[PDB]
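Per-entry structural report
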Amino acid sequence: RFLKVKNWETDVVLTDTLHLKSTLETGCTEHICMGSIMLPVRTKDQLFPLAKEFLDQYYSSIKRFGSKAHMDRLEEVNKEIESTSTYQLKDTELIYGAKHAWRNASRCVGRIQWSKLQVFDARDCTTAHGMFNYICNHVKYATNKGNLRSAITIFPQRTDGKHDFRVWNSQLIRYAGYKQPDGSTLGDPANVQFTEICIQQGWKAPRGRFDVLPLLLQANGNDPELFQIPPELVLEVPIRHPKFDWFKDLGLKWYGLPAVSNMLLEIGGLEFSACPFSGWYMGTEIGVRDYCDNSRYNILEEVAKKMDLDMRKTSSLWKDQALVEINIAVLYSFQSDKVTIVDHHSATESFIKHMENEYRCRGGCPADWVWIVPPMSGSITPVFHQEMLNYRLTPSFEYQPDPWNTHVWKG
Amino acid sequence: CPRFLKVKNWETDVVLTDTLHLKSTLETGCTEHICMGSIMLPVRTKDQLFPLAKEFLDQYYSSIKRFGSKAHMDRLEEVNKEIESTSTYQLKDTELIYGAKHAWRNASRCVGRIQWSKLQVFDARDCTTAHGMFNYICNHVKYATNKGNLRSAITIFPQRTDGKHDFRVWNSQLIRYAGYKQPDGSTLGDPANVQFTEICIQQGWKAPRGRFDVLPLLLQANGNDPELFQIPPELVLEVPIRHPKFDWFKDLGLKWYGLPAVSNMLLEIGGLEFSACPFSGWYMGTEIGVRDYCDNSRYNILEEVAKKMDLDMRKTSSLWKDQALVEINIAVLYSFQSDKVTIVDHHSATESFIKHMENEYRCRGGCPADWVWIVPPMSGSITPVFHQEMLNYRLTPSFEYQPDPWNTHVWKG
Ligand code: HEM
Ligand code: HEM
Ligand SMILES: C[C@H](O)[C@H](O)[C@H]1CNc2nc(N)[nH]c(=O)c2N1
Ligand SMILES: C[C@H](O)[C@H](O)[C@H]1CNc2nc(N)[nH]c(=O)c2N1
Ligand SMILES: N=C(NO)NCCC[C@H](N)C(=O)O
Ligand SMILES: N=C(NO)NCCC[C@H](N)C(=O)O
Ligand SMILES: [Zn+2]
């Protein structure tokens, strides 16, 4: 019930007590560990304990636990749930709640930054055009000419579940994917389906390798509409290598702003179905995953060939050599254009420090080791050697179904 | 518990269905509210033993297509009588073999399990003394080594009786290098083995105090105090490590041994406990090139290698550590291959593991696997295992951790 975690490199032991505050399920049981599975409206009665759980932590955090201000608020919210079946967060509660969803994000290595989050309150939004305006402002604010700043933009909460706000895009900025008669895929194969939805809805696709996709925005449960982010708001970086002059001829670019837009933010039982957020990239995200996953841009072979490595045998480690070089190029390119990026060494040692702070001041830090350890050079990063406990704390970011599987089209 | 559990591979969209987990019996360290997936380490009664014996022998008899047979029923009767009368029982040779193979088949942290049915089992249950254990262990090493053409094997010493007469190998592996803490706080040799090296010295080993000294065997028989033995050097196959392009690599002075032989685990078969059960396969290169050489708390050669490569070491973002890592790993695979000693690279091993795992789902209904251990410690996502969802659970027979015997031994003196 009080749990120890060991770092096997430093022999440091931390004691976790925060896990006892954990509320929802992990996926696992006593008999079966599901640590590596990617994916393992509320009635009045459901809502009040959740509202209360949240307000208590809020009031505790501002050192007014058990105060009249505290008691006053619980009653006010109580009355409001009873009368209107939902409630509205104060701005202070909204900001605290968003910062804490990030703080509690077990899969995010960058949480040392958690309290420096710009929160844009878009709860007054009513239309998809409004949503477009809001999202452009977020993109421009967070991009900040390459000196990126963390931000989240929060659209109105779910009500009856028939008036949901949604960003159909999985990130605000991503590249199109197109199935070819050639049998192959042009662009990013992760986005084939979504691209096709855009086309069905009217988009005129350029049909290139790196077409920034349009926004498909859904307000108040209505049908989604298309918008193009002003090109001048989308900062992109051409990818070159500091030693290989041929690298630029591969014709690779990526975007500077990673902005997850398909998750659900839960605060105090309230569900914010449209809550796009952004920080900045860890290099491996692009260089290892986006570029080298076989089901993504899958570029290892092309690169290995230009390096003229021995590709006849796996044991020459040609894949490993090429992987490192692709990742060097990513970091060098972002750095040279002054676009914020963090390498996996820097990011993981910051995370270990954050864990130690969180253990010290909070009693723990939920972490998913499977996601936190980078997808290259794992054991030469400190997090590989760190035992971590994964559990679910609220406020939280949650996965939610892709809206086209569920949207009841009006036509 | 749900009858069916699905696992998906996110590279291929292949979905597999696990039913085998229903035969899982012991616990994980996980609860409904906590996942302890990344945590390293989270005598029996007559009553406790009957059912464990029974479960096992039903599995054994089922596997040989003789389930429910008179032979099956006689054998159950015989074991039941043996347990009631003697408090324990003895396995038949065929059952010991099947047992050991299955402990390997069920080892969720082993990526080499495509090999599980090809295992040489050495029955050392007639062993009574530490000199006897030395001789069994020498034979295992020579057989397994096979002049570089490595053969998987296990040597099984007598099972636990009352817990006061345990056979133990005090070494963590049959072959490993000494570590020596210096008065200045540096370590000469392998820091992982500093504690065991001090024990050996105390027991009377005359340490050469070099960087790669093969440790002596420290063997406990029948609950007696451990005794020291030197493995004949002619039996210890080692590989000097060089790089195919960097002729300075050899002057690092690195080598390693060819035979990885875990010697400190406990093998459970039908409720019986084999506390001494050294087993060996062959190396996947990363064990040596990533962990043994490059962990900060092991040989820690990254800086020295990067220095000789003249990488830019002022900023992590040059990925100099990463670049040196790959070159060290090329060198390990190249050196072993050049000397004709079996080694597998992490690409080939993981590809084979995924093939093995698919086959096990079809023919067996499952394959328990611990992702944290199965994914290699470099280049994780360019191996297929990274993209494969895994279910980790405990099947018996099993290999299990046990405390270090120096923490528990009652010294006779
Ligand atoms: C500030 C710099 C940040 C860095 C360096 C960072 C780093 C990362 C990385 C490397 C991942 C793994 C993503 C993947 O593998 O696809 C991740 C996931 C995640 N992060 Fe962050 N992050 C940052 C900002 C944020 C912010 C601002 C939030 C929320 C406001 C956040 C919440 C999350 C969540 C909820 C996940 C899991 C997403 C999923 O399951 O797909 N992160 N983070
Ligand atoms: C034949 C070639 C083999 C290969 C390539 C192989 C591969 C591996 C690797 C890479 C690990 C992780 C070790 C570490 O990170 O320290 C491992 C662990 C393990 N393997 Fe194997 N193995 C082989 C043979 C065997 C055999 C013959 C057995 C038993 C008969 C076995 C049972 C185990 C067990 C119980 C573990 C967990 C060890 C621990 O928890 O410290 N392996 N294997
Ligand atoms: C199956 C397994 O969960 C999957 O491949 C995971 C592995 N760890 C991850 N880690 C991060 N950061 N991002 C991911 O997408 C993955 N995917
Ligand atoms: C804390 C974490 O479990 C620990 O460092 C693990 C990680 N995965 C591993 N994987 C393998 N194969 N071998 C190990 O020793 C480790 N150690
Ligand atoms: N660093 C972040 N967010 O701030 N990553 C968000 C997910 C991005 C996704 N991994 C990609 O490579 O596009
Ligand atoms: N492949 C095996 N056995 O066959 N590994 C056993 C553990 C070896 C340990 N990882 C080492 O590097 O010494
Ligand atoms: Zn688990």
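Residues numbered from 1 in each chain as written, not as in the entry; some residues may be left out. Chains lettered and ligands numbered in written order. Heavy atoms only, no water.

If you check the header, you'll see the entry was determined by X-ray crystallography and the resolution is listed as 2.02 Å.

The name recorded for chain B in the PDB entry is Nitric oxide synthase, brain, from Rattus norvegicus. The title line of the PDB record says "Ternary structure of neuronal nitric oxide synthase with NHA and NO bound(1)".

As annotated in the PDB entry, chain A is Nitric oxide synthase, brain from Rattus norvegicus.

Of the residues lining the interface, 63 residues belong to chain B; the matching set on chain A comes to 64 residues. If you look at where chain B meets chain A, you find 0 salt bridges. Put simply, chain B and chain A have 30 residue pairs in polar contact between them. Of all the secondary structure elements, the ones that give two or more residues to the side of chain B that touches chain A are strand 1 (5-8), helix 6 (285-294), helix 8 (320-338), helix 9 (346-364) and helix 10 (371-374) of chain B. The element that contributes the greatest number of residues to the side of chain B that touches chain A is helix 8 of chain B, accounting for 10 residues. Here the residues of the side of chain B that touches chain A are counted per class, giving 28 nonpolar, 25 polar and 10 charged. (Contact = heavy atoms within 4.5 Å. Salt bridge = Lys/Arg side-chain N within 4 Å of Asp/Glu carboxyl O. Polar contact = N/O pair within 3.5 Å; in protein donor to acceptor, adjacent residues only side chain to side chain. Helix = DSSP H or I, 4+ residues; strand = E, 2+ residues; numbered from the N terminus. Nonpolar A, V, L, I, M, F, W, Y, C, P; charged D, E, K, R; others polar.)

A word on the coordination of the zinc ion (ligand 7). For a metal with four donors in a tetrahedral arrangement, the ideal angle between donors is 109.5 degrees, while six donors in an octahedron ideally sit at 90 or 180 degrees. Those donors, A:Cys28 (SG), A:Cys33 (SG), B:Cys30 (SG) and B:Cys35 (SG), are the protein atoms that reach the zinc ion (ligand 7), and they lie 2.4 to 2.6 Å from it. Around the zinc ion (ligand 7) sit 4 donor atoms, and with donor-metal-donor angles ranging over 99 to 122° the site reads as tetrahedral. B:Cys35 matches B:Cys30 in its accessibility class, with the two residues each being buried. (Donors = N, O, S within 2.8 Å, 3.2 Å for Na, K, Ca; no water. Tetrahedral: all angles 85-135°; square planar, octahedral: opposite > 155°, others 65-115°. Buried < 20%, exposed > 50% of the residue type's maximum accessible area, 1.4 Å probe, protein only.)

All names here are of chain B. The environment of ligand 6 is formed by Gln-173, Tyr-257, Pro-260, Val-262, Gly-281, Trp-282, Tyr-283, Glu-287 and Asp-292. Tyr-257 places a polar side-chain atom, nitrogen or oxygen, 3.3 Å from an oxygen atom of ligand 6. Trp-282 places a main-chain nitrogen or oxygen 3.1 Å from a nitrogen atom of ligand 6. Here ligand 6, which alone exposes 370 Å², has 76% of that area covered by the protein. Split into classes, the residues belonging to the shell around ligand 6 amount to 5 nonpolar, 2 polar and 2 charged. (Near = heavy atom within 4 Å. Areas by Shrake-Rupley, 256 points an atom, 1.4 Å probe, with all protein chains shown as cover.)

The next thing to look at is unusual backbone geometry. With an omega dihedral of 0°, the bond running from A:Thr394 to A:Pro395 counts as a cis peptide bond. Counting through the fold element by element, A:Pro395 comes out in the loop between helix 10 (369-372) and strand 15 (396-398). Of note, the amide linkage connecting B:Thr396 to B:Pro397 takes the cis form, showing an omega dihedral of -5°. Locating B:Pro397 in the fold gives a position in the loop between helix 10 and strand 18 (398-400). Residue A:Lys145 is not a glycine yet carries a positive backbone phi of 60°. Among the secondary structure elements, A:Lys145 is positioned in the loop between helix 4 (128-143) and strand 4 (151-154). Here A:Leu317, not a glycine, exhibits a phi torsion of approximately 55°, which is positive. Topologically, A:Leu317 is positioned in the loop between helix 7 (300-307) and helix 8 (318-336).

Residues and elements named next belong to chain A. As summarised here, the arrangement of the 3 strands in space is 13-12-15, forming an open sheet in which the pairing is antiparallel. If you trace the sheet from one side to the other, it starts and ends with strand 13 (270-272) and strand 15, each paired once. Neighbouring strand axes in the sheet, compared pairwise and without regard to direction, differ in orientation by 30° on average. Where strand 12 (residues 264-267) lies against strand 15, 3 bridges are found, and the strand directions are antiparallel. By the bridge assignment for strand 15, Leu-265 is matched with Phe-397. Of the strands in this sheet, strand 12, strand 13 and strand 15 are in contact with helix 3 (residues 91-103), which crosses strand 12 at around 120°. (Pairing = 2+ DSSP bridges. Axes fitted to C-alpha atoms, helices over the stretch in contact; angles between N-to-C directions.)

It is worth spelling out the packing of helix 7 of chain A against helix 8 of chain A at this point. Residues and elements named next belong to chain A. At a minimum axis separation of 9 Å, helix 7 and helix 8 run at an interaxial angle of 95°. By the angle between their directions, the pair helix 7 and helix 8 is classed as roughly perpendicular. Facing helix 7, whose interface residues are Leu-300, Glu-301, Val-303, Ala-304 and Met-307, helix 8 presents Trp-318, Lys-319, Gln-321, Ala-322, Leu-323, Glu-325 and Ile-326. Residue composition of the contact of helix 7 with helix 8, grouped by class: 8 nonpolar, 1 polar and 3 charged. (Parallel < 35°, antiparallel > 145°, perpendicular 65-115°, else oblique.)

Interface size is often expressed as the accessible area that is lost when the parts come together. All names here are of chain B. Taken domain by domain, chain B holds domain 1 (18-125 + 152-162 + 266-280 + 350-374), domain 2 (126-151 + 166-237 + 401-405) and domain 3 (238-260 + 283-348). Across the boundary between the two partners, domain 1 contributes 6 residues, which contact 6 residues of domain 3. Together domain 1 and domain 3 conceal approximately 410 Å² of surface at their shared face, both sides included; 46% is due to carbon and sulfur atoms. Counting every contact that joins domain 1 to domain 3 gives 0 salt bridges. Remark: the boundary between domain 1 and domain 3 carries 6 residue pairs in polar contact. Listed by contribution, the elements that provide at least two residues to the side of domain 1 that touches domain 3 are strand 15 (279-280) and helix 9. At 3 residues, helix 9 tops the list of elements feeding residues into the side of domain 1 that touches domain 3. A per-class count over the side of domain 1 that touches domain 3 returns 2 nonpolar, 3 polar and 1 charged. (Domains from an automatic or database assignment. Buried area = accessible area lost by both parts, 1.4 Å probe.)

Every residue close to ligand 4 is listed here: A:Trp369, A:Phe384, A:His385, A:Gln386, A:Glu387, B:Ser38, B:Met40, B:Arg291, B:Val372 and B:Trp373. Site remark: ligand 4 is flanked by residues from chains A and B. Within the backbone of B:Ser38, one N or O atom sits 2.8 Å away from an oxygen atom of ligand 4. B:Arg291 places a side-chain nitrogen or oxygen 3.2 Å from an oxygen atom of ligand 4. In isolation ligand 4 has 390 Å² of accessible area, and contact with the protein removes 86% of it.

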